[PDB]
Amino acid sequence: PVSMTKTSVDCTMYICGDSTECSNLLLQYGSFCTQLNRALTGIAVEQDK
Amino acid sequence: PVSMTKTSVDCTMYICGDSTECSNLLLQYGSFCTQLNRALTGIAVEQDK
Amino acid sequence: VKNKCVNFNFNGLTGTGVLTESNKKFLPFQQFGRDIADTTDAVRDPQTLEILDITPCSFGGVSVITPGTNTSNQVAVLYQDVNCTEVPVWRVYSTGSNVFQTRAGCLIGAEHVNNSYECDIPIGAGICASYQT
Amino acid sequence: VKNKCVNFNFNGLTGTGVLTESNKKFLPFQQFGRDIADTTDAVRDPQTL
Amino acid sequence: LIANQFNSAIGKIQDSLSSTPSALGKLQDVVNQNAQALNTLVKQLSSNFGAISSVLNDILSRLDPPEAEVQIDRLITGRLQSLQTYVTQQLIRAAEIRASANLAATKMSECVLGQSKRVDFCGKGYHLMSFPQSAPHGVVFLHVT
Amino acid sequence: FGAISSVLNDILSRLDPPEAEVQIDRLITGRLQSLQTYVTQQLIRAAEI
Amino acid sequence: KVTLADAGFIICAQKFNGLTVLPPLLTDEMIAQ
Amino acid sequence: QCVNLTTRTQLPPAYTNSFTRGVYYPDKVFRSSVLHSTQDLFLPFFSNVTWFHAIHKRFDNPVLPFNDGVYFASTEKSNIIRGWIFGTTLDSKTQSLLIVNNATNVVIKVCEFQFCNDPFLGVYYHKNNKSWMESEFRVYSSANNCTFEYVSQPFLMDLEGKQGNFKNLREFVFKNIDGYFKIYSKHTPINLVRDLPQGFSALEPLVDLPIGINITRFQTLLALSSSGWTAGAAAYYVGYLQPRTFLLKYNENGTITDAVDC
Amino acid sequence: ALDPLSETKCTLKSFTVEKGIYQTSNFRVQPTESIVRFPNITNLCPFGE
Ligand SMILES: *[C@@H]1O[C@H](CO)[C@@H](O)[C@H](O)[C@H]1NC(C)=O
């Protein structure tokens, strides 16, 4: 094997799917969604490398 | 590369400083901080190894 | 008060640490001061116009060094990350027969020698401890 | 109306999206249609069946 | 002639490292990553996590012990979860660094201490020898080919 | 997850915000921890590949 | 050429909440030896 | 007493590009050489703002809405704008805020007034003594129920002055949150004809008031028998605030040096 | 709470300890006194009138 398919999951549209109050209540949880997106983008760059 | 920087985290002073009642709330959670210090200790040994 | 770890309340801002006269140049409306960590480290005294640096007072972990209990019952202690001029804050190994200063911190209970051998128990910064005559 | 991103409200069941004509051959006792993720994707209009 | 070519190549190596500033990036980012990991750890301290305040004292100085356990429980859960994430990341990264270090030790044992016949193991071309140089958190091989 | 439903819009269609937050906290907890599990498993598999 | 990213975030450097960095067992000099 | 002034030149309203203006310190925490992001009510960069001016033929003082703070700038010579009115209806069905920059005092109060159609203050033009004496104070018709007043130290200020270029660039922003009025400001020496400049300037926090009332509309006040008048040139610009998210950079001494819209 | 050797026996849960280094008993200098600071407030209410 060489690589896998590069995937990406948007945090907010996954969890609080098109809700405004849900995004606001998500906002108190720090910075998880940035960390998740950073990890996934690092994986996707690594596959092409 | 060869090694990263070793680092260590004191669990209780991280979680809550100075509040002994927070410690009373923490001590019902079992022995998590033992696991945390054990994992970081293993990493810090493997760096020098 | 100054130069001791105290817990404080400056105008609703509570904390603990040692206070120092600072050199930071505030703007006149500025009261607090923060870090890149957004952690308070600079407080303007309400009574008199001055800048106070806040340092959290020191701490650390205890390292304990021993041979096997099949061998001996004497141990040594490393207070990490501390220039051990304020060591004693068990108590019996707080003033015992020497203190030794390393880049790791303060070593108490071992006597510093001049010769160099191979490493036995890795303490740090090229410094190792062993049990010998 | 059809073929627009709109807000819709069918029998209290609300959402946002685009409505189009289906070919799903329902049986008369059925009203809704569901997905793997338990999301509505096929709705019988109460006024016109 | 070989002496002249060798000395010229060494001088060009010095010039190439002193010119291009984007060379040591493989070392640098790892350090940067650890730094920002620690950085974002601090940034999880000041979240509400659904509790009333992120200041522990202000919850203690305003809400009563019949009810304050509910808020501080939320604070416990959030901070514990952040520790979980941080050390899981550290474990994976450390395993990766260990793999790269084993590769480095193999390269030091074969390319430097002897002459390997594996093609393109010790750089491009037919391998002659290697010299190691120390580096902050790493090693730099100079392959002579 | 122990709440009334797994549908986000139905809870906002029926509840006041001071109880919508009560349900949505549990929902956001469950979904977030599931996503955490997924990203950790993906990291391990990427290292293997 | 090698520089740290953030100043003070890699001798009195003790972090405010429980973060410590352990010095390596081998220093700079004997590795060069 | 208060009369209606009619004789003017009629013009359509003008807009001007607020390039990068209207930044203020969000708090009182000192930083040093720090890129920090906040999210707050701000004037967006590169919007168009309402431009009003008193020239020669112009007395342009309407009532403007106040929602979520406003940013008010003025290019002026000899301090013709003097006051600010605030209130929901300005007519004693609701409480009313009065800010006056008198030649003697600055008067800050809230009572229950009924203001006129064209409230203003009127100063004469060189009445054989080389002084412009302020003579007319035509603001409200009564002061019914009062709740809070303040007057500062008396002083003197020049009520006369003519320049080919305005020197005063006074910048203000006003906010109301949870019963609190926030006045944030800056003064700048300037040399420009009929425009607002390009550049960076922070606003220091100046005044907080714990008032506790609902505010919807406002109007400023101008310096100048019932018809027949002489006013110097002045101009002002009005922009509105929107909840935005910014990045700010702090220098080593801790002044906000530049800003980034997200 | 007696001696460092006994502290190692207490946290490793054994009556035998082999040779090496261990990490126990994180400490703090434990500050001495309290202090509060406030502005030099002088604007009294005239109760004499
Ligand atoms: C702002 O107003 C000016 C007035 O001339 C107009 O030209 C411009 O298009 C306007 N811009 C926006 C974004 O409305």
In this structure, is H:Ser74 under 15 Å from the mean Cα position of the chain (by Cα) and more than 16 Å from the ligand (Cβ to nearest atom)? yes
Being more than 8 Å from chain A (Cβ to nearest Cβ) and in contact with a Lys or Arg (Cβ under 8 Å, 6 or more places away or on another chain): is that true of F:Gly30 here? no
Of the numbered conditions (1) surrounded by fewer than 16 Cβ atoms within 10 Å (Cβ to Cβ); (2) more than 7 Å from every other protein chain (Cβ to nearest Cβ); (3) touching a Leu at 6+ places or on another chain (Cβ under 6 Å), B:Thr34 fails exactly one; give the number of that condition. (3)
Within the group C:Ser63, C:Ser94, C:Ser72, C:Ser58, which residue is within 18 Å of the chain's Cα centre (by Cα) and farther than 21 Å from B:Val9 by Cα? C:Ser94
Counting only residues that are under 15 Å from H:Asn79 (Cα atoms) and of a type in the set (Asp, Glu), the stretch H:95-147 contains a total of 1
Among the residues of the stretch C:15-57, what is the count of those that are of a type in the set (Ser, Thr, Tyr) and surrounded by 15 or more Cβ atoms within 10 Å (Cβ to Cβ)? 4
Any chance you could count how many residues in the stretch H:1-16 are out of contact with any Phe, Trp or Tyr (no Cβ under 7 Å at 6 or more places or on another chain) and either within 14 Å of chain C (Cβ to nearest Cβ) or more than 16 Å from the ligand (Cβ to nearest atom) (or both)? 8
Do we find that E:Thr20 is among the polar types (S, T, N, Q) and closer than 23 Å to A:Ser23 by Cβ in this structure? no
Considering the stretch C:7-27, residues that are within 15 Å of H:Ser32 (Cα to Cα) and not aromatic (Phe, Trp, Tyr), and then whichever is nearest to the chain's Cα centre (by Cα), we arrive at C:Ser22
Read through the list (1) within 24 Å of C:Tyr79 (Cα to Cα); (2) in a loop (DSSP other than H, G, I, E, B); (3) facing another protein chain (nearest Cβ under 7 Å), then give the number of the only condition that I:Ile21 fails. (2)
Matching helices (runs of 4 or more DSSP H) fully within chain B where at least 1 residues are within 20 Å of I:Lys13 (Cβ to Cβ) and among the small types (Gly, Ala, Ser): B:32-48
Since H:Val151 meets every condition but one in (1) more than 16 Å from the ligand (Cβ to nearest atom); (2) surrounded by 14 or more Cβ atoms within 10 Å (Cβ to Cβ), which condition does it not meet? (2)
Among the residues of the stretch A:18-27, is any surrounded by fewer than 18 Cβ atoms within 10 Å (Cβ to Cβ), more than 13 Å from chain E (Cβ to nearest Cβ) and closer than 22 Å to E:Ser46 by Cα? yes
Residue count, the stretch E:55-82 (criterion: crowded, with 16+ Cβ neighbours inside 10 Å and assigned to a loop (DSSP other than H, G, I, E, B)): 1
Matching residues in the stretch C:64-107 - criterion: being among the β-branched types (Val, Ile, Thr) and more than 25 Å from I:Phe15 (Cβ to Cβ): C:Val82, C:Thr85, C:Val87, C:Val89, C:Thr95, C:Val99, C:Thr102
Regarding the stretch D:28-42, can at least one residue be identified that is part of a strand (DSSP E or B), within 14 Å of another protein chain (Cβ to nearest Cβ) and not polar (S, T, N, Q)? yes
Pull out all pairs, ordered by first then second residue, where Cβ-Cβ is under 6 Å, the residues are six or more apart or on different chains, the first lies in the stretch H:2-16 and is farther than 20 Å from H:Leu224 by Cβ, and the second is within 10 Å of the ligand (Cβ to nearest atom). H:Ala14/H:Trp51; H:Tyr15/H:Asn48; H:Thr16/H:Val49; H:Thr16/H:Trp51
Could you pull out the residue among H:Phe45, H:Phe19, H:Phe113, H:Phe52 that is away from chain C (no Cβ under 14 Å), over 17 Å from the mean Cα position of the chain (by Cα), surrounded by 17 or more Cβ atoms within 10 Å (Cβ to Cβ) and within 16 Å of the ligand (Cβ to nearest atom)? H:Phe45
Given the condition of a type in the set (S, T, N, Q) and over 13 Å from the mean Cα position of the chain (by Cα), answer yes or no: does some residue in the stretch F:27-36 qualify? no
E:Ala68 passes all but one of the listed conditions (1) away from chain A (no Cβ under 14 Å); (2) farther than 30 Å from C:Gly15 by Cβ; (3) of a type in the set (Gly, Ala, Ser); the exception is number (2)
The number of residues in the stretch E:101-135 that are under 30 Å from F:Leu43 (Cα atoms), surrounded by fewer than 15 Cβ atoms within 10 Å (Cβ to Cβ) and within 14 Å of another protein chain (Cβ to nearest Cβ) is 5
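Cβ sites come from the backbone with ideal geometry, for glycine too, and all protein chains shown count toward neighbours. Values quoted throughout were computed directly from the atomic coordinates according to the rules given, and no laboratory measurement underlies them.
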